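Take a look at this one chain, the form deposited in one PDB entry, written out in structure tokens.
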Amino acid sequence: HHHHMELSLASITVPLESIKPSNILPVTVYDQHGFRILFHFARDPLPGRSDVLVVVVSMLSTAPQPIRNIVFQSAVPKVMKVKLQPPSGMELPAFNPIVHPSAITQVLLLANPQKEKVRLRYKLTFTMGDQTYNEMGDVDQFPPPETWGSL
């Protein structure tokens, strides 16, 4: 199964543009120093993947300073598998009212064949000004596995 989940997650790239996010309300995973991480949920737009949850991670900042070398990582229980696709970028500019704000996106795929409730551990690394922060935390406000295919 881990080999069948693994085989099913290998190679595949689900492009940002092909995802149709559900109105499920976004979950705010981190929100400190003007830096937030949000999770939007979507159905896997590829066939035969009702047991796969797509998570579009959005990283935003209203900080007065730039944020550099951003890396968001995630871990999950052995019964299921998570894969992160490369992020769109790794930096955010200081807030600039002249222009529209910016965002980093990162597509997460979560294969949960046994349809067990999801409990995710994240790790966040970012540099603001001159201190590198190393945050970690938990997320569990995921939509119920049985719906995943109708989001």
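Note that residue numbering follows the sequence shown and begins at 1.
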> Taking the recorded C-alpha temperature factors, which stretch has the higher mean, 8 to 16 or 131 to 139?
Replying inline: 131 to 139
>> Highest mean C-alpha temperature factor of the two stretches 113 to 121 and 65 to 73, which is it?
In response: 113 to 121
>> Based on the deposited C-alpha B factors for this chain, I'd like to know if residue 86 is in the lowest, middle or highest third.
In response: lowest
>> Lowest, middle or highest third: which one holds residue 101 when the chain's residues are ordered by CA B-factor from the entry?
In response: lowest
> How does residue 26 rank on Cα B-factor within its chain, lowest, middle or highest third?
Replying inline: highest
> Lowest, middle or highest third: where is residue 36 by C-alpha B factor in its chain?
Replying inline: highest
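Not on display, but discussed next: the form deposited with a partner chain bound.
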> Does its partner chain come within 4.5 Å of any heavy atom of residue 119 in the entry with it bound?
Replying inline: yes
>> Residue-level question: is residue 85 within 4.5 Å of its partner chain in the entry with it bound, judged on heavy atoms?
In response: yes
>> Is residue 130 near its partner chain? Define near as a heavy atom within 4.5 Å, in the entry with it bound.
In response: no
> Could you tell me if residue 68 has a non-hydrogen atom within 4.5 Å of its partner chain in the entry with it bound?
Replying inline: no
